[PDB]
């Protein structure tokens, strides 16, 4: 569960995930997943090949530029470091499509010059003090799962870029059973954090799809959201305290009290900072007893529209289960094609978790509400296989890439009264833009509602196309994604619910938060990091 230093030894150098986990054609000509790692690993998927065919119409290094005096002082600290090509290349990207192409099919313009692996807070203080002295530039990395060009090195950056890798600064420091909090180093992965806490009968319940690699410090940096937010909260709810190293000095509140009125909350100044202000070294997170019991479920609806109305009503009654998600028809068919009126029909997956008794009180209320929108209980299996699926979806990018298929997921949050219109108009905008740019086959564009809130919902989109017969396929993707974002904003959706801005969405930020607001962010950046040491150039 700890990420090793030489990452390529466990993980794919050119795509998502673990080296031992890849999609291949088995000795029956059926798609199957390698290894023994996930539930679907080593399980043949007879309909999955047919589905890809039917849906898409297919068959089936720069040198290191580092000062020798800085390197001399760095050796005195016994902070491990590397100037090796394959380590620096690994830490120069996340998992946006364009990055993955330049990885497979060429080279990046700029990559980090040196990688450092601090192991504690004081190490990070040393590195930042060194960067002041020798005029260095720092780009923190945890899991490297950014889908916002958050880790990309600016091409015109003349200074030595340090990739400050947090993966080895990863121990749970204390578990406070009295206050139900856990004080942890920022580099720890979700999976490792949940595994260690479970041994003591606890958990956080913070479960992003990237949890195998994404870190505590990452989550704080990007305002990450988790699958079971309904119970455990998002990251802004979960974080009681943090310790941050910046060029100006160390930020840290002097007390651990649950809720304060001591001016503007400086946690929110860091939470969402996307690596531009400093290094988040330590954080105190809320824990809960390991849930007594879990149960899955599903509900089918005549159409998407009625499903949304039901989710709305569940939100209105504040009786949403741990996870509730509504798939459109194309996604329902997708999930059916992965097992070992039926064209508009939509399905909601459910996950209830908690105390044995309360879980059932909940379950009833949800199904009764669903009844009144034409919702019919559609089985415990549908639910369960739906959630196990989520940690393998990311591997399908690489599969599609073999067979001339490209695509990416994208998201927004919007008010309840804009959901239905937004989903419909964004999908339409994708079809139109594709046709106009010369795509031969109708592009796949689907959506699901992944989170409910009082004031609205999170909407998660997939879009993909067969790019065979297109002059410049990356420009087509790039331009269509940007069109979808324009449509999202025009239909009252947000710039991002949880992926954040990074460098992918910088152009919209001033509109989103206003000019004065943008300037507030800049004023902070310029106090904390006047000479731009933390110069990934995300956000501003």
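Positions refer to the first chain, counted from 1. Take the two forms, superpose them, and find the largest set of C-alpha atoms that agree within 1.5 Å; that set is the rigid core.
Root-mean-square C-alpha deviation from the shown form, taken over all structures in 6 other deposited structures of this protein superposed by the rigid core, is larger for 357 to 365 than for the alternative among 107 to 115 and 357 to 365. Two stretches, 140 to 148 and 348 to 356, are weighed by how far their CA atoms sit from the shown form in 6 other deposited structures of this protein after rigid core superposition; the farther one is 348 to 356. The records show that residue 383 is included in the coordinate set of every other eligible entry of this protein, so it is not omitted in a third of them. In at least one third of the other compared structures of this protein with flanking residues present, residue 339 is left unmodelled. According to the entry, the stretch of the deposited sequence that connects residue 201 to residue 202 contains no residue lacking coordinates, so the chain runs unbroken between them. A chain break between residue 60 and residue 61 is present, corresponding to 10 or more residues of the deposited sequence without coordinates. According to the PDB record, 106 to 114 carries the higher mean C-alpha B-factor of the two stretches 120 to 128 and 106 to 114. The mean C-alpha temperature factor is higher for 88 to 96 when 193 to 201 and 88 to 96 are set side by side.
Taking the PDB entry at face value, the top CA B factor among 312, 248, 253, 72 belongs to 72. Of the candidates 438, 140, 218, 415, it is 438 whose Cα B-factor is highest according to the PDB record. Sort the chain's modelled residues by C-alpha temperature factor and residue 517 lands in the lowest third, per the entry. When all modelled residues of the chain are sorted by CA temperature factor, residue 237 is found within the lowest third. In this PDB entry, residue 496 carries a Cα temperature factor that places it within the lowest third of its chain's modelled residues. In the PDB entry, a CA B factor belonging to the highest third of its chain's modelled residues is recorded for residue 388.
For residue 362, the recorded CA B-factor ranks within the highest third of the chain. Only modelled residues enter the ranking.
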